[PDB]
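Below you'll find only one chain, the form deposited in one PDB entry, shown as C-alpha cells.
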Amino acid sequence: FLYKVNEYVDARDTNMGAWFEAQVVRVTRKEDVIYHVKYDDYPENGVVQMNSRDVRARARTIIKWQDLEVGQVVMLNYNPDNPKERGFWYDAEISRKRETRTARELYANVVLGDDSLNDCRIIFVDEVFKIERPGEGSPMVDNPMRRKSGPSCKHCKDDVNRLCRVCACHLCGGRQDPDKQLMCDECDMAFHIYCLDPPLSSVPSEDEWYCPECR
C-alpha cells in the first residue's frame, strides 16, 4: 500500500496543525490505516499513532521565489505567536506577493489545527516546500537533510556548542538534561533542577513555578 516502514515522512500534529519530521515505524489497520511513527529529534515522545490523513511523504523540493504563484498551496515556516520570528511548518495558500527594491513580500493564508489564518507575512521566502502528493514521486528511504524549526536566539546564534543564558540555563548556561530544565512561568527563563542553592530533586507537580528572581 501507501507508506512503508522506515520511510521518512511528515506527521501533522492535529492540535497545532503543524507538520513534523518523522519516520514510519509500523503500519496497522483499523486507505483507512494507522501509522505508528517516531519523531527524528523527539525521542521523549516515543512512537505515536497517526491517521493516514495526517501523514505525507517527507518534503524535499523547494519552490523558489520566481516559481511561487498565487493560489498555490505549499508548506512554509510561520510563527503565529511571534510572526516576526521563525516558527514551525504549516500548509498555506499563497494569497499575494509583492516585490519592490527593498524586499520580496510573500503573503499567504496559514492553515492551522482548527481554522485558517489569512494574510500572513511569510518571513522565509526562500524556504518554501512543495507538498509531495500521494503517488507522485519516489518514497524517501534515505536519511534526508533537516529543516530549521523553532524560534532562534540572537545571543548564541543557535550554535549548539555555545553556552547561552537566554536560550539555555539562565544560571550556568548549559543545555544538557533538558527534561530537568525548569522554565519559570514569569520571565520564561530556564533554570536547571540542580542549579539554584536548594537543588530540587524532582519536578514540581504544581502547575506553575516562579523562579527566585520572580519569587
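In this text, residue numbers run from 1 along the sequence as written.
From this point on, the text means the form deposited in another entry, which you will not see here.
Residue 171 lies in a different rigid part from residue 99 when the motion between this form and the one not shown is split into two rigid parts. Shown here is a form in which the CA atoms of residue 82 and residue 187 lie at least 3 Å closer together than they do in that other deposited form. In that other deposited form, the Cα-Cα separation between residue 183 and residue 84 grows by 3 Å or more relative to the displayed conformation.
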